[PDB]
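Structure first, commentary second.
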Amino acid sequence: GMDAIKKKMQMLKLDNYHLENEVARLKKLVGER
Amino acid sequence: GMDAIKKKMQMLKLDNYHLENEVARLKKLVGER
Amino acid sequence: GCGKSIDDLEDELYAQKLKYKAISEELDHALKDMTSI
Amino acid sequence: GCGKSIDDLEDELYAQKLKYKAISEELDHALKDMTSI
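Residue numbers (the deposited numbering), protein chains in the order written: chain B, 0 to 32; chain A, 0 to 32; chain C, 248 to 284; chain D, 248 to 284.
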């Protein structure tokens with residue numbers, strides 16, 4: 000496979016997934032306070 | 000180059016941007032509270 | 248090309264032509280698989 | 248092998264390897280461009 004974007008996309012969404020997970024739980028906390 | 004990843008990553012980045020922009024302002028706002 | 252290191256040549260020639268077709272097939276499906284990137 | 252057939256092989260070998268260089272260089276630069284998606 001195209002190792003570059005293949006692995007980079009994994010790295011991409013791994014980062015963005017922890018980000019969306021954070022922001023989701025964070026915006027929930029925004030509803031808390 | 001490679002149209003697929005380049006052009007679609009542009010779409011991707013705009014999605015990533017609204018995510019990281021939201022979470023940045025969000026955590027700054029929740030932090031000021 | 249002659250009876251010296253022609254094996255390397257023939258080997259590589261067939262190898263690289265396969266890689267060429269396989270990499271074309273690769274980039275096509277590689278990006279197509281990730282319709283969700 | 249050598250005498251006539253190999254010439255077409257070397258002809259093609261040279262061409263295929265140039266295309267291989269081109270395609271790999273192209274796609275390398277394609278990901279090299281951003282390198283941080």
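For each residue, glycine too, the CB sits at the ideal point set by N, CA and C.
Proximity to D254(C) across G248(D), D258(D) and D255(D) peaks at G248(D), based on C-alpha coordinates. Exclusion of the five residues before and after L260(D) leaves no residue of its chain whose Cβ lies closer than 6 angstroms to its Cβ. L265(D) does not reach chain C, its nearest Cβ partner there being about 10 angstroms away, counting only Cβ pairs nearer than 9 angstroms.
Residue burial annotation: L278(D) is buried, with at least 16 other C-beta atoms found within 10 angstroms of its C-beta.
Beyond the five residues adjoining it in sequence on each side, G250(C) comes within less than 8 angstroms, by CB distance, of no other residue in the same chain. In the three-state scheme derived from DSSP, where H, G and I count as helix and E and B as strand, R32(B) is classed as coil. Legend: CB atoms of the region 254 to 284 of chain C lying less than 9 angstroms from CB atoms of chain D belong to residues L256, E257, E259, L260, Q263, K264, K266, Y267, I270, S271, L274 and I284.
With a beta-carbon spacing of about 17 angstroms, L265(C) and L274(D) fall beyond the 8 angstroms limit used to define contacts.
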